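Reading the sequence shown from the start, the letters are residues 27 to 534, 545 to 583 in PDB author numbering. Just so it is clear, CB atoms sit at the ideal spot from N, CA and C, and this is done for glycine as well. One structure is given below, encoded as structure tokens.
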Amino acid sequence: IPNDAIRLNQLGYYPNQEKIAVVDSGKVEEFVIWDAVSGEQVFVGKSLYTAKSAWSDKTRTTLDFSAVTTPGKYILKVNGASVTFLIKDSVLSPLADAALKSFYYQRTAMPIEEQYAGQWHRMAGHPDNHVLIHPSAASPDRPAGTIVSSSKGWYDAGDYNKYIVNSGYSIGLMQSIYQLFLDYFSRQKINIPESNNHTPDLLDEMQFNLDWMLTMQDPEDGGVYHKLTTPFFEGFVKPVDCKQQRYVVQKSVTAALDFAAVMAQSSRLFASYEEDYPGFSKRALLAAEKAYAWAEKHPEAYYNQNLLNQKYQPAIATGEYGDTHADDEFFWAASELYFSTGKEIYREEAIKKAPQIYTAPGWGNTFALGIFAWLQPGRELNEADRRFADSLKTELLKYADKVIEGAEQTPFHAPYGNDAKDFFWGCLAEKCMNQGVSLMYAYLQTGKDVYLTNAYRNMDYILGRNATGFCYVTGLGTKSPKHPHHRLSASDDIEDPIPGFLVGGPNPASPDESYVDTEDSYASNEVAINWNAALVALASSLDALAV
Ligand SMILES: [Ca+2]
Ligand SMILES: [Ca+2]
Ligand SMILES: [Cl-]
Ligand SMILES: [Cl-]
Ligand SMILES: [Mg+2]
Numbered sequence: 027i028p029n030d031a032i033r034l035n036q037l038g039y040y041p042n043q044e045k046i047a048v049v050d051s052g053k054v055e056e057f058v059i060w061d062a063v064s065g066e067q068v069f070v071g072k073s074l075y076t077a078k079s080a081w082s083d084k085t086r087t088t089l090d091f092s093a094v095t096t097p098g099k100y101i102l103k104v105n106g107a108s109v110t111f112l113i114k115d116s117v118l119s120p121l122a123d124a125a126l127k128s129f130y131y132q133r134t135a136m137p138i139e140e141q142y143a144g145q146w147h148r149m150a151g152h153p154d155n156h157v158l159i160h161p162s163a164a165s166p167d168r169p170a171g172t173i174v175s176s177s178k179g180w181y182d183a184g185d186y187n188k189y190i191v192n193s194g195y196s197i198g199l200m201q202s203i204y205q206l207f208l209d210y211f212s213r214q215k216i217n218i219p220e221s222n223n224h225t226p227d228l229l230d231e232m233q234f235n236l237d238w239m240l241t242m243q244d245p246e247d248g249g250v251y252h253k254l255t256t257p258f259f260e261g262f263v264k265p266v267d268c269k270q271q272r273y274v275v276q277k278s279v280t281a282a283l284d285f286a287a288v289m290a291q292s293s294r295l296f297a298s299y300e301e302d303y304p305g306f307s308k309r310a311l312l313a314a315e316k317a318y319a320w321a322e323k324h325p326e327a328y329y330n331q332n333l334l335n336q337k338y339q340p341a342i343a344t345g346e347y348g349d350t351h352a353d354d355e356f357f358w359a360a361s362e363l364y365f366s367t368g369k370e371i372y373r374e375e376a377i378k379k380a381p382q383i384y385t386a387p388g389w390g391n392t393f394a395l396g397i398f399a400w401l402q403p404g405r406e407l408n409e410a411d412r413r414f415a416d417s418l419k420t421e422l423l424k425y426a427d428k429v430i431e432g433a434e435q436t437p438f439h440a441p442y443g444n445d446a447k448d449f450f451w452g453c454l455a456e457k458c459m460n461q462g463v464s465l466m467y468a469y470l471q472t473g474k475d476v477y478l479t480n481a482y483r484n485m486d487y488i489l490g491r492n493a494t495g496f497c498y499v500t501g502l503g504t505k506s507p508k509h510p511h512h513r514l515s516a517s518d519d520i521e522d523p524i525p526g527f528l529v530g531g532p533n534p545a546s547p548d549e550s551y552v553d554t555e556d557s558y559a560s561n562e563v564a565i566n567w568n569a570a571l572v573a574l575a576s577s578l579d580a581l582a583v
């Protein structure tokens, strides 16, 4: 049995955490934990549980040393093999910080200076000060070819385009967790240019993209362009070598609504930070109400790229972020606008569009973001509003109970990873992390430790306790992706990838092993702001809750 076969959280364990490793295959009967320094025997485990998934004949053996609670460095010996690990406070803090700092590396329109960036420094790229109104985006005062400035914001992912749906959703998710852990985020410092101001660094980072988002709203009708893009994806070149023309394209109802929701949300969160962000809270709220108004007038204005390409030139072939179901965006936006303005007219829209069931958050399914807003503590809800919130809590708990059913008997001892349908493009964020986030919220709503225990299990999975043995976050753990599908990492002249990115993961042989660490793997090794938003959400909340 190779050392390789011992699958565990490669960052380590909190002192009071469940502590489980899984041997991926082979006959095992016993394991031992040793103090790495003193050489003292600390724990011996026997009578070990084993299990198999439906699709793999490998015998997975569970090693449970949860009773070891003293901080320190330890050695796990199983048969021939061994691995060292740490038990320590704040074990996920470097992960939470790196996940947030990834957004800094994605920033456009500014130099990425070594002081903050380390070896992954670069010159400014994509100023986006000379951007064309695409014919699909034309308005009376802005005919096709009009030049606008639409600067700042993040690169979306492995490509260099900027998308309102995905970035609005991403901020919406991170700012949901922010609101639960104000002290945590106030104290967090991640060495970005804004680390010495008076504003929590998470909010500084969000604002870098929020400021860009404001420029994507037509100052007349209030509508919001779906994305800022080149016509084609660029090759794997540095930002300074990119030469395609940049366009803003067709206004969409989902762009308008995700803009409205996140701007209404942001209005509240930045109210205290007029010093560093003067006027933003007020501007965001005004902008939000205008965007929501536009969406009301154009409720079925979906972004269909194929149809756009039949009517307009140049053809656009970058990320679609298409959706013909806007009820959830209406729900999230109306909910945020209700909480920011108090107006009953927005409440009624939220109630009309309420979800019947809880589903985890995703870029095109924003029901959960609305639900999180309704479930927020400290907000003094009236009888009807409390009754509504209570009904949403019930649905969250129904979802959570179903997710955790049988989790302790799974091969990898987590709710995520024992169903073939768990594996697909971006699954580690979309399902594993966001299932974790959902479980963390269920803990917050009930105080039932079992939900939180299961959230940590899903985190252990992405950090190495899985079928491949990868810690699926660049720059962290023992065996992590060195070749992400990421134009920034691939085109710099630095061997190690930019750190802190969650790769998409296995995406179909065994479905949970359908992963390749190569730069051409869009299918399994892509990185993205919405995937990192999930990682920031789960890692930050699990670290904050550990104390
Ligand atoms: Ca700051
Ligand atoms: Ca939707
Ligand atoms: Cl691109
Ligand atoms: Cl779901
Ligand atoms: Mg590189």
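By how many angstroms is the C-alpha of residue j removed from the C-alpha of residue i?
{"i": "residue 626", "j": "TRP320", "result": "This structure cannot speak to residue 626, because the chain is shown only from 27 to 583."}
{"i": "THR420", "j": "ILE430", "result": "16 Å"}
{"i": "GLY345", "j": "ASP209", "result": "36 Å"}
{"i": "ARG491", "j": "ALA569", "result": "21 Å"}
{"i": "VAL274", "j": "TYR189", "result": "10 Å"}
{"i": "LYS215", "j": "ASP556", "result": "34 Å"}
{"i": "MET200", "j": "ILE101", "result": "36 Å"}
{"i": "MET242", "j": "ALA426", "result": "37 Å"}
{"i": "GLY452", "j": "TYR442", "result": "14 Å"}
{"i": "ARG309", "j": "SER293", "result": "8 Å"}
{"i": "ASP302", "j": "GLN233", "result": "11 Å"}
{"i": "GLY198", "j": "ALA290", "result": "10 Å"}
{"i": "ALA122", "j": "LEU236", "result": "21 Å"}
So is the beta-carbon of residue i under 6 Å away from any non-hydrogen atom of ligand 3?
{"i": "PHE262", "result": "no"}
{"i": "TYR558", "result": "no"}
{"i": "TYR273", "result": "no"}
{"i": "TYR181", "result": "no"}
{"i": "residue 641", "result": "Only positions 27 to 583 of the chain appear in this structure, which leaves residue 641 out of reach."}
{"i": "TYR186", "result": "yes"}
Helix, strand or coil for residue i? Go by DSSP, reduced to three states.
{"i": "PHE450", "result": "coil"}
{"i": "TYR39", "result": "strand"}
{"i": "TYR204", "result": "helix"}
{"i": "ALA183", "result": "strand"}
{"i": "residue 543", "result": "Between 534 and 545, the chain has no modelled residues, and residue 543 is one of the positions in that gap."}
{"i": "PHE111", "result": "strand"}
{"i": "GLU562", "result": "strand"}
{"i": "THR436", "result": "coil"}
{"i": "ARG133", "result": "strand"}
{"i": "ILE101", "result": "strand"}
{"i": "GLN243", "result": "strand"}
{"i": "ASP230", "result": "helix"}
What are the boundary residues of the beta strand (DSSP E) that includes residue i?
{"i": "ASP61", "result": "56-61"}
{"i": "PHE365", "result": "Segment 353-367 is the alpha helix (DSSP H) holding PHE365; no beta strand (DSSP E) there."}
{"i": "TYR487", "result": "Per DSSP, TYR487 belongs to no beta strand (DSSP E); it is in the alpha helix (DSSP H), 475-488."}
{"i": "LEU254", "result": "253-255"}
{"i": "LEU89", "result": "86-90"}
Taking 6 Å as the line, does the beta carbon of residue i fall inside it for any heavy atom of ligand 5?
{"i": "residue 594", "result": "Given a span of 27 to 583 for the chain in the structure shown, any question on residue 594 remains unanswerable."}
{"i": "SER515", "result": "yes"}
Could you check whether the Cβ of residue i sits closer than 6 Å to any heavy atom belonging to ligand 2?
{"i": "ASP349", "result": "yes"}
{"i": "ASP579", "result": "no"}
May I ask you to check if the CB of residue i is nearer than 6 Å to at least one heavy atom of ligand 4?
{"i": "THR385", "result": "yes"}
Beta carbon of residue i, beta carbon of residue j: below 7 Å?
{"i": "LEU571", "j": "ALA80", "result": "no"}
{"i": "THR256", "j": "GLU355", "result": "no"}
{"i": "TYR131", "j": "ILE218", "result": "no"}
{"i": "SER366", "j": "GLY396", "result": "no"}
{"i": "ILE46", "j": "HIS439", "result": "yes"}
{"i": "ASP353", "j": "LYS378", "result": "no"}
{"i": "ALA77", "j": "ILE27", "result": "no"}
{"i": "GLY531", "j": "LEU454", "result": "yes"}
{"i": "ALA135", "j": "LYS178", "result": "yes"}
What is the residue span of the alpha helix (DSSP H) that residue i lies within?
{"i": "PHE393", "result": "393-400"}
{"i": "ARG513", "result": "513-517"}
{"i": "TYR469", "result": "460-472"}
{"i": "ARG309", "result": "306-323"}
{"i": "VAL157", "result": "First-last for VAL157: 157-159, but that is the beta strand (DSSP E), not the alpha helix (DSSP H)."}
{"i": "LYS53", "result": "No alpha helix (DSSP H) contains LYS53, which DSSP labels as neither H nor E."}
{"i": "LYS72", "result": "No alpha helix (DSSP H) holds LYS72; the beta strand (DSSP E) holding it covers 67-72."}
{"i": "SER417", "result": "409-430"}
Ligand 1 heavy atoms versus the CB of residue i: any closer than 6 Å?
{"i": "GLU301", "result": "no"}
{"i": "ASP227", "result": "yes"}
{"i": "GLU231", "result": "no"}
{"i": "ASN217", "result": "no"}
{"i": "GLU409", "result": "no"}
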